[PDB]
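Pasting a structure below so you can have a look.
Residue numbering begins at 1 within each chain, and the chains themselves are lettered A, B, C, D, E and F in the order written.
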Amino acid sequence: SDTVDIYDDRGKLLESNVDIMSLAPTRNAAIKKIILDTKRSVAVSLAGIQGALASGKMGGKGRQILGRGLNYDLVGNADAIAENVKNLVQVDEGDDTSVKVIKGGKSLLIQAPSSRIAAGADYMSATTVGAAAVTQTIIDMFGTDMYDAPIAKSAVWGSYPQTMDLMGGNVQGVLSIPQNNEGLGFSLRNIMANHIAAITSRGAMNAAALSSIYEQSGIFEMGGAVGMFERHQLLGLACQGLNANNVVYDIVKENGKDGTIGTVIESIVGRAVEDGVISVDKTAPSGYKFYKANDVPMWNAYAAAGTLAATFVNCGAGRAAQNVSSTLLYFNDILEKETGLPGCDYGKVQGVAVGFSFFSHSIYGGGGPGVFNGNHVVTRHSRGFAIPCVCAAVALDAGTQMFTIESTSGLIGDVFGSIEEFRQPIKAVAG
Amino acid sequence: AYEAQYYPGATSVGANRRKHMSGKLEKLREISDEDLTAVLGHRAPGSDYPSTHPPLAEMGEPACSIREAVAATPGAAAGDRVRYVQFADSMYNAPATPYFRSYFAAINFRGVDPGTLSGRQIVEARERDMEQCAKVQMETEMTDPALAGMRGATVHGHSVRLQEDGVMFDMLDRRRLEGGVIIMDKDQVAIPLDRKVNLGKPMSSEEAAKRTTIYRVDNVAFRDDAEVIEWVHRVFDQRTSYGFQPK
Amino acid sequence: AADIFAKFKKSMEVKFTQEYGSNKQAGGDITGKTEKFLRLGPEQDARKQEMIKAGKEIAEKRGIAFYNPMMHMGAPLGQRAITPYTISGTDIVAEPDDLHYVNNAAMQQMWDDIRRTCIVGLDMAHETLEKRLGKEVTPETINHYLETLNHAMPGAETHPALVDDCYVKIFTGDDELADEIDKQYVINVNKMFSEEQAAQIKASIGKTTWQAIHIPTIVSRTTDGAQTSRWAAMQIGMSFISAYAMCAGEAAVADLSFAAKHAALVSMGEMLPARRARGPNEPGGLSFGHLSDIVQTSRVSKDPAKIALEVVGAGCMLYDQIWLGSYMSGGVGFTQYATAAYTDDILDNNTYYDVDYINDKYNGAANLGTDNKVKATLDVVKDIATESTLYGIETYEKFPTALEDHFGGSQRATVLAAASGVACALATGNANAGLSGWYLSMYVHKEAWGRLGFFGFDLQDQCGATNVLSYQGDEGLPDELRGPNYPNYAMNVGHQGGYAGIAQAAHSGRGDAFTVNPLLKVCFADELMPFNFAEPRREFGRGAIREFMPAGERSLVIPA
Amino acid sequence: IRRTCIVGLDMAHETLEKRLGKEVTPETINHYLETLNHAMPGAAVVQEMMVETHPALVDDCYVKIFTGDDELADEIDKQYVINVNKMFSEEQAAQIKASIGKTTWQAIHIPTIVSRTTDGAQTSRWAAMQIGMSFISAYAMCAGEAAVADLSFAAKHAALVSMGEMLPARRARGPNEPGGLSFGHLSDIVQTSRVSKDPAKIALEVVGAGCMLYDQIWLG
Amino acid sequence: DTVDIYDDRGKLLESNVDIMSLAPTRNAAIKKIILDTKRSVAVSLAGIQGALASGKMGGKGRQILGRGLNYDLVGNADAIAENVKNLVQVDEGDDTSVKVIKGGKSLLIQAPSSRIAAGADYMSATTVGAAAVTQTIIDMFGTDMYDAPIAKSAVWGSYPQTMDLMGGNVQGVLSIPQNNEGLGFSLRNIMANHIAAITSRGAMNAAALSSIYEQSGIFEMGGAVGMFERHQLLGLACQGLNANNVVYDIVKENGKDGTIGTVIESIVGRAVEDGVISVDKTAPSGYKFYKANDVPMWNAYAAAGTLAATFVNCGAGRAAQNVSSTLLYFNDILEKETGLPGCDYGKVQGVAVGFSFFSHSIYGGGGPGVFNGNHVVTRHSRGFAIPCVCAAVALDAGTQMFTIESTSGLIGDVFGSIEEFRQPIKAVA
Amino acid sequence: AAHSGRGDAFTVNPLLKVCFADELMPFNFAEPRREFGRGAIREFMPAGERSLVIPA
């Protein structure tokens, strides 16, 4: 039984000797609640719906239906719309359904009940039921003649079912459609770094913790953690994301004012040697000391913790979020040079770092680290040990990126930051 | 019980349609069972029916309540092949139409698989059941040898202008006039029969028009039939409305 | 209309009563109900003789059975005469064989033009440059960058003469910006449209700037339609880097690489589900509104019926002969499910009669305008559709040649339903009104003749009436948005062509500038394309005569 | 690689022998294969008054059968048969016949132009339609009946071997594209292992073809 | 709206059960059936061993020559089951159950419901089962470090190179979520032969379970919001669950010599007697147009009549072929003879049109047993037409070519051992 | 190469191995690289040309 204790964001102790088995996605109650809330929550843009109805700009990028404009005061009646939608989305009078009017009626927040999730194979019940509820409420409350019903429907279900998803619709959750996953179990990933930075209010360690929670939940969903690999992933998550034993806060503190990646490598290797995680297996004639891992899963956990600490140092030092694509790469590479062991995730973290680098430092820049998620072709490789670093970086930026975290994730920040398990992932995970 | 009414329409086309749907058809000719088998072409005339599987009694059945409640057709107890009889009907006042052949087959026979198309209408069932259905369709006024016929393939000719002889077009020339009677000499897929099947004297054009189930401005205008138009409108209005809202 | 009725009659005369090739059909009465079938065999066509000779020769040359009409069961093809087809609204006479999309070059070029075209938004790239790169964009800089894009996009390792059909243009809703830019790269909304049409286009796109990108046709043929977006993105990135003096390798320029590559990229089509899995820029994801917009008939004509009919013709061809005829099905083809709606003027005759009827009953409601249009109700739809369908049925029953021409019931049902739906959408200005009229026409057809169509033509027509006005999730969308990927429409022929013409009519009768997307109307509003979207039906006829020269041919890199 | 597909003949034969009670002899297979080689390039075999793809533009289309049954390959017309024993060395031929069994397969190659005007999803659909129509024409069965559907379902899915499988949603592309063509299939497509015995030349040829097909085309 | 639910023998299960209490999102038994379909998976130990021995793995025709591993998986299937349960189970003593089905050839892995609540969808069951089997193989059979890929692909097929486990030997009732035609369609993606095999060919059990899956998938896809909840629940109760024994009463009364027409007469008589429709207008020719007083109730009556007519037709013929024509023509002649829309307002009729076309033509589809709720041909009826297909297939007698065994032998063998599936009506009631 | 050195007939799919053992292909799959060389020197004749329907 591998046991660690969790240190919170400010370096305080959270609880002593947490078994890492009681810390997996399939056992922790806080993680399960986070997954359920991600699955059921969906936000409706009443202002967008009203604009689509008035102008006919609905169904996708560039679309506009001319001559069929309906003028409904959706934003003005937002309380009534929210009440009716809560009535329509419920299963029983008093379940865990909730519809709140966010930011003055410009948008709605509807969270379908847990019964709609438990009685359907996946998470799209919340989206479809919320969209149908809003469309029904508009039709009922604003007196749409049956020959205007298509317009009122497609102001919500933008261009669906012609398109696989609601292309241009004003009802969106955090997860993409089940068709648009990279593979089996990848669905519970696909929450970009900007959203996690917004949810935690750009608290770099909190953002890393929440991102690692999602990434390890995806790993467990994929069947990549069964038995010894379950121990592998639990150790990695606890050490890197959750700041177990304060091993990452201490490393950041020690390289606080004057410390580069190399100093982080020295600190992490010193701790690994002191804790007996690795030993001196050989000694070449030049005095080099090849190291052998006494606990390969634990050495990988140490490498992941060091990678997160190095990202903290090399992205807070410059206050830029573009230093992960080089931090994750060169930290692990120099670590293997130094100790003779393999990097974090046995090179998969370094490979995914090369992915970040070429996809964000190139003419094929598909966007900064704020768009990175574990559900992408370029970033799906590491078993949940790299993306936390990207989220920490974006949380540690100073505004050097074109997209402000607010501008792209304000509504998601309002919806989820209001939930305790999303602003303080580590405390809830620590339970 | 509930007495079926089967269709709206006061014209002669409505009367013929109710005849075909209820099957209260009049005998018009005789076709010998050997001739029927020969024209169908699924087995040698007067030969034992092939089996696609063993009989129901020989292999037993699972414990269905539907199986024990529904009586298997005589052609299913013997495990016969599921063969077909296909017909092509002329738009120029043939005495039958695809959907009403299908209504005949569906209302009057057990365990059939009537399929309707524009140019052909196929009925599938076990061999004996299909033999019964083909016998009824051939010996009644539903089928005109001049304006109808068995066609298992190349069914082109339902919408083509008739021949001066008075018979529909047939690419494969299965049957035709011979001495005043439509003589059929190929099975329904253009595999020649060793025999000549005499299906009788074709009906006069006035007779066929007097007993056709197709509306035509020449004979019975659909525009002048207010009742069928009203039926269409009512069903369509209900469909559209209750698609909007089921109330 | 009498003039259109006259041309319908003339088409029947030139088809049946006049001899074609060697079918010996000279003489006859197009109102007569009898004929004699000579059974001359496929050697009556002459073109079919060409096909027979070529197939036999290839059979000796290669060493395996290739094409033997004798392997048609029974007797060879053509036991009744091979009469030609006349393209609706024109006088080019076409053989049936030449209208198979494999045998029609223009027919192929249409899809090769919609497939290879993309439109990339350009405001965000300029905004990123201005703000986060300091390199202020001036119309001289845009001129230079578009010059760089225009030939780099062809590839510059692509052959200089093999990619001549590969160019890029821009159109902007900013009137003052498009004035300075070199006119060789600008699509000018103010002089390709009328004042009111251009006013609506500018009002809908705003002050935005867009690029019309056309990758080489040979590249589109070799790969699939999902290569267009990537080719365009790569050439855009190269042009931005090479035209604005920006180093490739720094991190900040990657934000611009994203912005110019694919942040405001609008695809013709989208993804399809598993059974029909395909990516963007395939006919299954191309909306009915997008096809209505690719057809520039609205831009260059004031007649609403002509606009709707031209959209119907092109639509049937793209969605039946290419999409359902080849991708989903393959085989011989579906050319004759499609030639019904753009040959022999039966559809035109019915639709012009419906225009006359509506203008007579609803005070010219079918004339151009937006205020005269009658509000869409069940009574109006029932009235217009039923009368339309009854007239079409009376015409088939009064001209036996028109019935024989559309020998299969599916063609007749499609023609009647298209006419009824187009008439209803014209009168009411509501596309779903046209849809409901279409389905009512199908019901009247079925109940009148006792037969509707092929085994499964009635699927989306039984599902038709009820889903037109539903607002449930997978049922209901305005027609302009619908497409071949719509759940009912995904797998059946004879409908999707007429559905596009229905949506076009709802906006054509109002004098609208575009149906659903203004970027498509302006993107294809360029007379430089090898295909003429102003009148597509005339284009298919041109291909059927072997007088259409397409792009993507490899003759320069092939032995002669 | 794109226009090529393989459909089995044994499941369709079981369907014909069960549902219809037919006998599937070598002469009927000769007739059916001649019918199919007529119908595959886009020609009609059943009904009348329709178009047909020009034989000059679709001359690169044909269907051949290779079978692990030695006899059944022996009495079939040797213009539609890929002889394993003739084409392969006796050791490789023995391995192949052991692998496939005494089953017959069709090697369908639809026209190049149809595949260029379409995607790689074209092939199985076209092949299945023409296979069904050729069955209908050659075995004197009805144009529309349940047995025809079973043959279509067999050809389209139950006994179809695609060059490549369909790709996930994120990769905006479809079946029988270069991305679905695994490395084993690309190795088997290249016919150096059948022609030569140099174990390094075979690998080098596969590398040379795979580098082109993947990097230049698939990744652009 | 209160109905009675009658089992397939015509007995009374529960009296007065409210319709809303019977919804997918409220009924406990339906939720348990959904959870079991989500979590349970079936492993073909015989197929795994065959692929290992012969190298025939990775799809159709694939075979790796020279890497055959000779393991006796079937002989030691019990130890394999114990170790796979050890790996899969999240905590000791939870709902994780692994059984050896049919003498060691196959396994039944039902992953714990925690792995469902801790993931976005059902694929955790398949991936965890495949991983557990692969790990147990490598563990107990001492596979070399360089033979790990072969033991992996003898279970996983070609994944990840292919979207699904093509050529694998682990599969579940539901296909991968990437194969959906729309949002919420995953529960609808169960082919007819699977439901026929699961209920051991019991017509009103196959129909009940198929309708349960269809209505679950339609509730998930936002198809029952507001009045449509009642609209769909009435259809489910009347057709799928034998509400008030109407379907079985009609079956008995039109069994010995019945047809489609007699069943139409039965439905119209019951509707007119119960008051669901009454004569609105009488035309001069004497034809009486009827008007539906209770529109959702009339739709329910049409659906019940559709199922009853499918029973009668496909039981008289003993062919699953006739289901398409029964679904089409019952509704079509019902419209002609009453003046009202058929079941689901032409939607069931159109689905029957397309499903009869595609099972009777060269354009695809196949037998009635390869159609599911997610099929593009039959994804249109809101849960009222696929139950009839599954019942028809369960009511066939050796006429089909692609039989239940051929396509779903493993599924039938494994999932016919759950009582909640063999008796779906009893479970729901 | 994993199987070629073993002299195996096929790598993973014998159906594909026998399907392409046809000499009617315009492309020689025995010498793929030599085929590329021929294509590069304007001496490869591909199918799919539409010169029959295209104007001269």
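Just so we're on the same page, a residue touches a chain if its C-beta (ideal position, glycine included) is under 8 Å from a C-beta of that chain, and two chains touch if they have at least 3 such contacts.
Chain labels with UniProt names: A, E = Methyl-coenzyme M reductase subunit beta; B = Methyl-coenzyme M reductase subunit gamma; C = Methyl-coenzyme M reductase subunit alpha.
If you compare B-E with A-E, the chain pair joined by more contacting C-beta pairs is B-E.
Averaging C-alpha coordinates per chain places the centre of chain A 47 Å away from that of chain F.
Rounded to a whole number, the gap between the C-alpha centres of chain B and chain C is 40 angstrom. If you average the Cα atoms of chain D and of chain F, the two centres end up 16 Å apart.
Inter-chain spacing, taken between the CA centroids of chain E and chain F, is 45 Å. Shown for chain B are the residues in touch with two or more other chains, namely 52, 82, 99, 113, 115, 117, 122, 124, 153-154, 156, 171, 231, 235, 239-245. In chain D, the residues that reach two or more other chains under the touch definition are 6, 18-19, 46, 48-49, 54, 56-57, 59, 62, 64, 95, 99-100, 111, 113, 116, 128-129, 133, 136, 140, 144-146, 161, 166-169, 171, 182, 184.
In chain E, the residues that reach two or more other chains under the touch definition are 58, 61-65, 163, 178, 180, 182-183, 221-223, 228, 321, 341, 345-346, 356, 358, 360-361, 363, 399. Every pair of chains meeting the touch criterion is listed here: A-B, A-C, A-D, A-E, B-C, B-D, B-E, C-D, C-E, C-F, D-E, D-F, E-F. If you check the complex, the residues on chain B that touch chain E are 1-2, 4-10, 14, 21, 52-54, 56, 59, 61-67, 69-73, 76, 79, 82, 99, 102-103, 106-115, 122, 124-126, 129, 227, 230-231, 234-235, 238-239, 242-243, 245-247. Chain F makes touch with chain E in their complex at residues 3, 6, 8-16.
By the touch criterion given at the top, residues 18-21, 46-49, 136, 140-146 of chain D touch chain B in their complex. Interface residues of chain E facing chain D in the complex, by the touch rule stated above, are 58-65, 158, 161-163, 166, 178, 321, 358-367, 370, 399-402.
Listing the residues of chain C that touch chain D in their complex gives 48, 50-52, 54-55, 58, 62-69, 71-73, 77-80, 82, 96-97, 99-103, 108, 111-112, 221-227, 229-231, 234, 271, 274, 276-280, 282, 322, 326-333, 335-336, 407, 455.
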